[PDB]
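Residue-level structure breakdown
Single-letter residue listing:
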Amino acid sequence: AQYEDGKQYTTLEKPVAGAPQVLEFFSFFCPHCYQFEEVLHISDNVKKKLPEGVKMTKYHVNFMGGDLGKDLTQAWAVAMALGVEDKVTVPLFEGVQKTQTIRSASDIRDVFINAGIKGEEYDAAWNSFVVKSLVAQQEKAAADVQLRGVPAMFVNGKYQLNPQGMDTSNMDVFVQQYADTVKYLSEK
């Protein structure tokens, strides 16, 4: 077949019920994640090939960058609650991996301030139980799927994208294959 289990994707022997349709995991410490966001725009290109009625989920993980890694998972919960993902994603990535100006929770907070989120609004969110339960969801989803590596994408709690089995000569060709694979799995 053109798409084969173990080739462009793998199947979870233990499927996850009630899972988000398209579920993506990343870390701001994760070097291929940076590429996925800044150079390849994976999330965006996947969305462009997905149908009507398909919701797209993206979660941060704790297992990279220790203490700061956890702060980043909470900050991402803040971003989701405030709906400001598209304003902080790039400066967080560049702050961690490019300029290395993010070293503390306060530096994460500075990125949100500079993007125009108000201090009071950020700190209230940060400390809210809505953000607590949002952190819990992120952890639980990663737990539900045995997640030990990022970047990772899961379709309907049953299929896991496998980019290792796609051609990387041409970046654009890689992205299309990736997105087309998500579409195929989506329809499966």
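Numbers given for residues start from 1 on each chain and follow the written sequence, which can depart from the numbering in the entry; residues without coordinates are excluded. Heavy atoms throughout the structure, all of them, feed into the side-chain values; hydrogens and water do not.

In its metadata, the entry names X-ray crystallography as the structure determination method and reports 1.9600 Å as the resolution.

1. A look at the environment of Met-171
For clarity, the threshold we go by: Put simply, DSSP marks the helices as runs of H or I at least four residues long and the strands as runs of E at least two long, and each gets a number from the N terminus on. The classification of residues rests on relative accessible area computed with a 1.4 Å probe and restricted to protein chains. Under 20% of the type maximum is buried, over 50% is exposed, and intermediate values are partly exposed. It only takes one pair of heavy atoms within 4.5 Å for two residues to be counted as in contact.
Inspection of the secondary structure assignment puts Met-171 in helix α8 (residues 171-187). A residue is classified by how much of its surface remains accessible, and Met-171, at 45% relative accessible area, is partly exposed. A C-alpha to C-alpha distance of 7.1 Å links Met-171 and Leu-40, two positions 131 residues apart in sequence. If near-sequence neighbours (up to four positions away) are discounted, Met-171 is found in contact with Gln-35, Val-39 and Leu-40.

2. Digging into the pairing of strand β4 (residues 152-155)
As a reminder, the rule being used: Note on pairing: DSSP must find at least two bridges between two strands before they are called paired.
Alternating positions in β4 separate into two faces, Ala-152 and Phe-154 on one and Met-153 and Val-155 on the other, with burial throughout. Relative to β4, strand β2 (residues 22-26) is paired through four bridges, and the arrangement is antiparallel. Bridging from a neighbouring strand, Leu-23 pairs with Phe-154 of β4. Across two bridges, the pairing between β4 and strand β5 (residues 159-161) is antiparallel. What sits directly across from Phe-154, in β5, is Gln-160. Joining the antiparallel neighbours β4 and β5 is a turn of three residues, in which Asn-156 adopts a positive phi near 50°.

3. Observations regarding the packing of helix α3 (residues 66-82) against helix α5 (residues 105-114)
Let me state the cut-off plainly: Inter-axis angles, ranging from 0 to 180 degrees, are taken between N-to-C directions of lines fitted to C-alpha atoms, where helices are fitted over the stretch in contact. Oblique is the label for any angle not under 35 degrees, not over 145, and not in the 65 to 115 range, which are roughly parallel, roughly antiparallel and roughly perpendicular in turn. Here is the rule for handedness: rotate from the far helix to the near one, and if that takes an anticlockwise turn smaller than a right angle the crossing is left-handed, while a clockwise turn gives right-handed. Amino acids outside the nonpolar list (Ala, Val, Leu, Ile, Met, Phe, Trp, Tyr, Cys, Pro) and the charged list (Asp, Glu, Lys, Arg) are all regarded as polar, and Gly is one of them.
One can describe the packing of α3 onto α5 by two numbers: an axis separation of 10 Å at closest approach and a directional angle of 25°. Considered as vectors, α3 and α5 are oriented roughly parallel to each other. Here the hand of the crossing between α3 and α5 comes out right-handed. Where α3 abuts α5, its residues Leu-68, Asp-71, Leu-72, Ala-75, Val-78 and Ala-79 lie against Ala-105, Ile-108 and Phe-112. The residue makeup of the contact of α3 with α5, split by class, is eight nonpolar, no polar and one charged.

4. Side note on α8
Short version of the rule: Residue count minus one, scaled by 1.5 Å, sets the expected span of a helix. This arc is taken over the directions from the axis of the helix to the C-beta atoms. The term polar contact refers here to a pair of N or O atoms within 3.5 Å; inside protein, the definition further demands a hydrogen-donor-capable atom paired with an acceptor-capable atom, and it admits residues adjacent in sequence only when both atoms are side-chain atoms.
For α8, built from 17 residues, the straight-helix expectation of 24 Å at 1.5 Å per residue is met to within 8% by its first-to-last C-alpha distance of 25 Å. Of the residues making up α8, those classed as buried are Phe-174, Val-175, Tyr-178, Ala-179, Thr-181, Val-182 and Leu-185. Along the axis of α8, the buried positions cluster into a sector of 150°, meaning they face one direction only. Residues of α8 that are exposed and angled more than 90 degrees away from the buried face: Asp-172 and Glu-187. For α8, the elements touching its buried residues are β1 (9-11), β2, α1 (31-38), α2 (42-49), β4 and β5. If you check the start of α8, you find a side-chain oxygen 2.7 Å away from the backbone N of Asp-172, and it comes from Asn-170.

5. Concerning the state of the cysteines
Note the threshold: In what follows, a disulfide is any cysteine sulfur pair within 2.5 Å.
A complete count under the given rule lists one disulfide for this structure. Across the disulfide from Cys-30 sits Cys-33; the S-S distance is 2.1 Å. Handedness of the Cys-30-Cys-33 disulfide follows from its S-S torsion of about 75°: it is right-handed. Accessibility classification places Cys-30 together with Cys-33 in one group, the buried group.

6. Side note on the pattern of salt bridges
We apply this condition: When a carboxyl oxygen of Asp or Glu is within 4 Å of a side-chain nitrogen of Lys or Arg, the pair counts as a salt bridge.
Counted under the stated rule, the structure contains five salt bridges. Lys-58 serves as the salt-bridge partner of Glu-24, at 4.0 Å between the closest nitrogen and oxygen. Linking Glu-24 in strand β2 with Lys-58 in strand β3 (residues 56-60), this pair joins segments that are 34 residues apart in sequence. The exposure class assigned to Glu-24 is buried, which follows from its relative accessible area of 8%. Using a relative accessible area of 21% as the deciding quantity, one classes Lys-58 as partly exposed. Put simply, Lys-140 and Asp-144 hold a salt bridge, and the shortest N to O gap is 2.6 Å. Separated by four residues within a single helix, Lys-140 and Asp-144 lie in helix α7 (residues 129-144), roughly one turn from each other. Judged by relative accessible area, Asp-144 falls into the partly exposed class, the value being 34%.

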